[PDB]
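Structure, as structure tokens:
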Amino acid sequence: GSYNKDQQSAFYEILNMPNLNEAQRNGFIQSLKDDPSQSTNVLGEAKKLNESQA
Amino acid sequence: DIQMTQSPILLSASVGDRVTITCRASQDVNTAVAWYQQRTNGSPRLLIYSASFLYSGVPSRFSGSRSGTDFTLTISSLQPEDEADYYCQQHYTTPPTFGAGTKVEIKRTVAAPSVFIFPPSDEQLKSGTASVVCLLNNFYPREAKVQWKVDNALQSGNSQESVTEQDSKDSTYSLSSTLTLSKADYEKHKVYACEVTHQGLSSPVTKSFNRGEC
Amino acid sequence: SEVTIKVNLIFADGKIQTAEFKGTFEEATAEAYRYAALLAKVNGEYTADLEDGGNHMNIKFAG
Amino acid sequence: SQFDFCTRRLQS
Amino acid sequence: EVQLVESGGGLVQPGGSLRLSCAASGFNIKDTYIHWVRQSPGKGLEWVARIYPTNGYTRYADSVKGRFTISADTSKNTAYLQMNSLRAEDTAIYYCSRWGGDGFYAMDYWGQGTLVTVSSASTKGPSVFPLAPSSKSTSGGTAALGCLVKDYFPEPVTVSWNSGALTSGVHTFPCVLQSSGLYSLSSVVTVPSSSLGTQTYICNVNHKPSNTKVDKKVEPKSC
């Protein structure tokens with residue numbers, strides 16, 4: 001499936017997060033693919049988990 | 001959100017009785033209320049939808065009604081197999097929400113338990129733990145008191161109980177109490193006794209064995 | 001705190017059901033009376049006797 | 001009364 | 001017949017991810033809504049999310065928004081729940097259901113449910129000990145015997161007797177959480193005293209989380 005630039009940005013941010021393990025990173029990427037309408041919410045929860053694992 | 005308030009939390013009735021359970025919506029939900037039955041180890045099963053309509057295959061002894069925000073579920077002739085938890089659910093606004101549930105229990109005549117006791121298995125005794133099991137089979141009502149004595153000393157803090165749900169045919173319960181010791185402790189003492197108090201018994205029943213007897 | 005109000009439902013024909021209401025004492029009380037009045041619609045006027053500081057109720061229906 | 005994982009039923 | 005079957009539940013660490021599937025048959029998920037509903041002591045029955053597969057519209061409970069995504073593959077007549085950033089309060093039985101099927105505006109079919117355990121503890125397979133029938137487990141010409149399924153994690157285990165051919169008089173008790181944090185359950189059956197020694201009695205124990213399958217023969221202890 002294809003993505004717009006906003007959705008591409010979400011992928012990019014989650015791929016780059018340094019404190020996620022790979023199961024978590026791919027789980028969030030899978031969500032972005034699952035339901036693009038949730039892109040902003042999925043990105044915010046990914047950020048929260050990344051910060052908490054600093 | 002809309003909260004659904006169910007009452008009573010527990011209702012106990014005899015076979016053949018008419019039972020009524022209720023569910024109150026915190027605001028107007030029109031008729032958009034369904035009723036589910038949940039029996040042991042099952043998923044919820046649809047009984048009534050849109051407040052008053054019988055889902056296909058559901059016995060006609062089930063009926064539902066609506067008065068403003070008050071919703072009632074009625075079972076006109078309670079059967080042993082209706083022993084279950086009942087839940088109402090509104091779908092008028094997202095999120096759909098459920099009531100907390102009403103548990104329906106069957107009343108029947110008193111029946112004293114069959115009382116049995118099981119030493120630890122030789123297999124378990126190979127490693128370092130001993131489990132002594134006391135079994136109360138097929139009794140009513142649910143209330144019972146199991147006490148463990150080891151060489152006549154009342155045990156405390158080292159037993160756990162489990163109770164089956166009401167039998168769908170004879171409406172009885174069964175109960176297991178497990179006393180857990182170290183193997184070293186178990187080999188240190190001799191007399192293992194489970195004492196059962198129950199309304200169906202004229203006086204408490206002790207079931208026991210001596211460690212090592214056949 | 002949470003309490004359980006135990007209620008005997010005593011119907012005109014001699015049939016007895018039992019029920020429990022849980023919540024704060026004030027919530028459990030209000031639910032019991034509300035439930036009594038609902039059953040009164042079809043089972044006749046109710047009267048409710050209170051034992052044990054109100055934690056137990058005997059509710060007879062007139063039929 | 002609340003749901004119980006082990007009994008799969010409302011507790012009582 | 002209409003059928004929904006959840007799979008994919010299991011033990012997951014806090015912060016971890018899990019993906020559940022909901023496989024549908026006997027109808028087409030394009031004609032209905034599909035919901036995920038979970039059940040737990042904390043919240044009872046608790047709606048999680050829904051999707052209308054015909055147009056992709058989804059909605060979420062506030063407590064899972066952003067951490068869970070629902071989706072469907074109409075080609076496989078299957079719906080999914082991705083669960084990320086998992087917390088203790090996500091521990092629940094997860095059911096899927098359909099809504100609007102055959103014009104019924106309620107959840108008229110549910111799956112059997114799949115169990116999700118969010119915990120830092122690790123998997124442990126049970127020990128299966130016999131509850132041997134004896135003079136202390138018999139009366140009125142019947143005898144009790146069984147199996148003690150001790151020290152497992154997580155739930156669930158299943159127990160049958162004689163490969164499911166023995167059901168009458170079986171009592172499989174609800175598990176108990178021991179203070180060790182490990183579960184334990186017993187399963188008993190009552191049988192004619194005269195059958196002991198001629199009829200074979202085997203409890204079939206399966207603890208899928210640890211790939212533990214045990215068929216334990218229970219006989220009278222000889223002396």
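Identifiers in the structure tokens: chain A, B, ... in order shown; residue index from 1 per chain; ligand index from 1 in order shown.
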Quiz item: Which residues of chain D are close to chain E, meaning at most 6 Å apart when you count only C-alpha atoms, and how do they look as JSON, numbers by chain?
Solution: {"D": [2, 3, 4, 6, 7]}
Go ahead and save the picked residues with C-alpha atoms, as a compact mmCIF listing (two decimals), in the first residue's frame.
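Here's the written file again.txt:
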# COMPACT_ATOMS: atom_id res chain seq x y z
CA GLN D 2 -16.38 -8.51 39.39
CA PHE D 3 -15.38 -10.98 36.68
CA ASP D 4 -12.91 -13.71 37.65
CA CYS D 6 -10.05 -18.48 36.72
CA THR D 7 -13.82 -19.17 37.07
Exercise. Please return, as a ChimeraX atom specification, all residues of chain A lying within 10 Å of chain E when only C-alpha atoms are considered.
Key: /A:20-21,23-28,30-46,48-50,52-53
Could you write out the selected residues, including N, CA, C and O atoms, as a compact mmCIF listing (two decimals), in the first residue's frame?
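Once written, selection05.txt looks like this:
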# COMPACT_ATOMS: atom_id res chain seq x y z
N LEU A 20 13.25 2.28 21.32
CA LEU A 20 12.35 1.16 21.08
C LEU A 20 13.17 -0.09 20.80
O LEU A 20 14.19 -0.03 20.12
N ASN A 21 12.71 -1.24 21.30
CA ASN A 21 13.29 -2.45 20.75
C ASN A 21 12.61 -2.76 19.42
O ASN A 21 11.64 -2.10 19.03
N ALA A 23 10.80 -5.36 18.35
CA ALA A 23 9.42 -5.80 18.41
C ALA A 23 8.48 -4.61 18.51
O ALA A 23 7.45 -4.55 17.84
N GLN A 24 8.83 -3.65 19.36
CA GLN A 24 7.98 -2.48 19.53
C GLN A 24 7.95 -1.63 18.27
O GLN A 24 6.88 -1.20 17.83
N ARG A 25 9.12 -1.35 17.70
CA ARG A 25 9.19 -0.52 16.51
C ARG A 25 8.33 -1.11 15.39
O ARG A 25 7.49 -0.41 14.81
N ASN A 26 8.50 -2.40 15.11
CA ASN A 26 7.71 -3.01 14.04
C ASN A 26 6.23 -3.09 14.40
O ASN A 26 5.37 -2.92 13.53
N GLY A 27 5.90 -3.32 15.68
CA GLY A 27 4.51 -3.29 16.09
C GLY A 27 3.83 -1.96 15.81
O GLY A 27 2.69 -1.92 15.35
N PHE A 28 4.53 -0.86 16.09
CA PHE A 28 3.96 0.45 15.77
C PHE A 28 3.92 0.69 14.26
O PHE A 28 2.97 1.31 13.76
N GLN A 30 3.49 -1.60 12.05
CA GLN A 30 2.34 -2.40 11.62
C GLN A 30 1.04 -1.64 11.85
O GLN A 30 0.12 -1.70 11.02
N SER A 31 0.94 -0.90 12.96
CA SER A 31 -0.28 -0.13 13.21
C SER A 31 -0.47 0.96 12.17
O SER A 31 -1.58 1.15 11.66
N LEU A 32 0.60 1.70 11.86
CA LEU A 32 0.54 2.71 10.80
C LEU A 32 0.01 2.11 9.51
O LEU A 32 -0.79 2.74 8.80
N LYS A 33 0.44 0.89 9.18
CA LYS A 33 -0.09 0.25 7.98
C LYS A 33 -1.54 -0.16 8.19
O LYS A 33 -2.38 0.06 7.30
N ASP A 34 -1.86 -0.73 9.36
CA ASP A 34 -3.20 -1.21 9.67
C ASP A 34 -4.26 -0.14 9.41
O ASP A 34 -5.27 -0.40 8.74
N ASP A 35 -4.04 1.05 9.95
CA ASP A 35 -5.09 2.07 10.07
C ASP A 35 -4.46 3.45 9.96
O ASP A 35 -4.17 4.10 10.97
N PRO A 36 -4.27 3.94 8.74
CA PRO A 36 -3.63 5.26 8.57
C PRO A 36 -4.39 6.40 9.21
O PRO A 36 -3.77 7.42 9.55
N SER A 37 -5.71 6.27 9.41
CA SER A 37 -6.44 7.33 10.10
C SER A 37 -5.92 7.55 11.51
O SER A 37 -6.09 8.64 12.06
N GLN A 38 -5.28 6.54 12.09
CA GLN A 38 -4.73 6.61 13.44
C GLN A 38 -3.29 7.10 13.47
O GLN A 38 -2.69 7.16 14.56
N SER A 39 -2.73 7.45 12.31
CA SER A 39 -1.32 7.81 12.20
C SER A 39 -0.85 8.74 13.32
O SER A 39 0.14 8.45 14.00
N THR A 40 -1.56 9.84 13.56
CA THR A 40 -1.14 10.81 14.57
C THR A 40 -1.19 10.22 15.97
O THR A 40 -0.26 10.41 16.76
N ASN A 41 -2.27 9.49 16.30
CA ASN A 41 -2.37 8.85 17.61
C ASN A 41 -1.32 7.75 17.79
O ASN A 41 -0.72 7.63 18.85
N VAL A 42 -1.09 6.94 16.76
CA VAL A 42 -0.08 5.89 16.85
C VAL A 42 1.30 6.50 17.05
O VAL A 42 2.13 6.00 17.83
N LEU A 43 1.58 7.61 16.37
CA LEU A 43 2.87 8.27 16.52
C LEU A 43 3.04 8.81 17.94
O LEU A 43 4.14 8.74 18.50
N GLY A 44 1.97 9.36 18.53
CA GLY A 44 2.08 9.91 19.87
C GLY A 44 2.33 8.85 20.93
O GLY A 44 3.09 9.07 21.88
N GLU A 45 1.70 7.68 20.79
CA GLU A 45 1.95 6.60 21.74
C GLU A 45 3.35 6.03 21.55
O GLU A 45 4.01 5.68 22.53
N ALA A 46 3.82 5.93 20.30
CA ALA A 46 5.19 5.51 20.06
C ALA A 46 6.18 6.47 20.72
O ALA A 46 7.15 6.04 21.35
N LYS A 48 5.64 8.30 23.35
CA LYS A 48 5.57 8.13 24.80
C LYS A 48 6.38 6.92 25.24
O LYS A 48 7.10 6.98 26.24
N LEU A 49 6.25 5.80 24.52
CA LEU A 49 6.99 4.61 24.90
C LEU A 49 8.49 4.81 24.71
O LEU A 49 9.29 4.34 25.51
N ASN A 50 8.88 5.53 23.66
CA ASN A 50 10.29 5.79 23.41
C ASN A 50 10.90 6.65 24.51
O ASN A 50 12.01 6.37 24.98
N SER A 52 9.78 6.95 27.61
CA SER A 52 9.78 6.23 28.89
C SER A 52 10.90 5.20 28.96
O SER A 52 11.31 4.83 30.06
N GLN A 53 11.41 4.75 27.82
CA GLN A 53 12.51 3.79 27.80
C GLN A 53 13.87 4.45 27.60
O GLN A 53 14.84 3.76 27.31
Residues of stretch 78-170 of chain E that approach stretch 50-66 of chain B to 12 Å or less, counting only C-alpha atoms: could you list each one with the shortest pair of atoms and its distance in Å to one decimal, rows by chain and increasing residue number, as a Markdown table?
| residue | atom | partner | partner_atom | distance |
| --- | --- | --- | --- | --- |
| E:100 | CA | B:50 | CA | 12.0 |
| E:102 | CA | B:56 | CA | 11.3 |
| E:103 | CA | B:50 | CA | 11.6 |
| E:104 | CA | B:55 | CA | 8.6 |
| E:105 | CA | B:50 | CA | 7.2 |
| E:106 | CA | B:50 | CA | 7.7 |
| E:107 | CA | B:55 | CA | 10.6 |
| E:108 | CA | B:55 | CA | 8.1 |
| E:109 | CA | B:55 | CA | 11.2 |
Could you please tell me, as a PDB file with C-alpha atoms, in the first residue's frame, which residues of chain B have an atom within 7 Å of chain C when using only C-alpha atoms?
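Printed below is selection25.pdb as written:
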ATOM      1  CA  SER B   7     -29.276  -4.831  39.605  1.00  0.00           C
ATOM      2  CA  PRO B   8     -29.367  -6.906  41.580  1.00  0.00           C
ATOM      3  CA  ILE B   9     -25.775  -8.174  41.510  1.00  0.00           C
ATOM      4  CA  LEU B  10     -26.947 -11.646  42.555  1.00  0.00           C
ATOM      5  CA  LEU B  11     -30.403 -13.203  42.301  1.00  0.00           C
ATOM      6  CA  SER B  12     -31.178 -16.714  43.546  1.00  0.00           C
ATOM      7  CA  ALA B  13     -34.442 -18.460  42.648  1.00  0.00           C
TER       8      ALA B  13
END
Quiz item: Mind pulling up the distance from atom CA of residue E:117 to atom CA of residue E:10?
Solution: 5.9 Å
Would you give me, as a Markdown table, each residue of stretch 36-126 of chain B having an atom within 6 Å of an atom of stretch 133-136 of chain B, along with its shortest atom pair and that distance in Å to one decimal, using only C-alpha atoms and sorting by chain and residue number?
| residue | atom | partner | partner_atom | distance |
| --- | --- | --- | --- | --- |
| B:113 | CA | B:136 | CA | 5.3 |
| B:114 | CA | B:136 | CA | 5.5 |
| B:115 | CA | B:136 | CA | 4.8 |
| B:116 | CA | B:135 | CA | 5.0 |
| B:117 | CA | B:134 | CA | 4.5 |
| B:118 | CA | B:133 | CA | 5.1 |
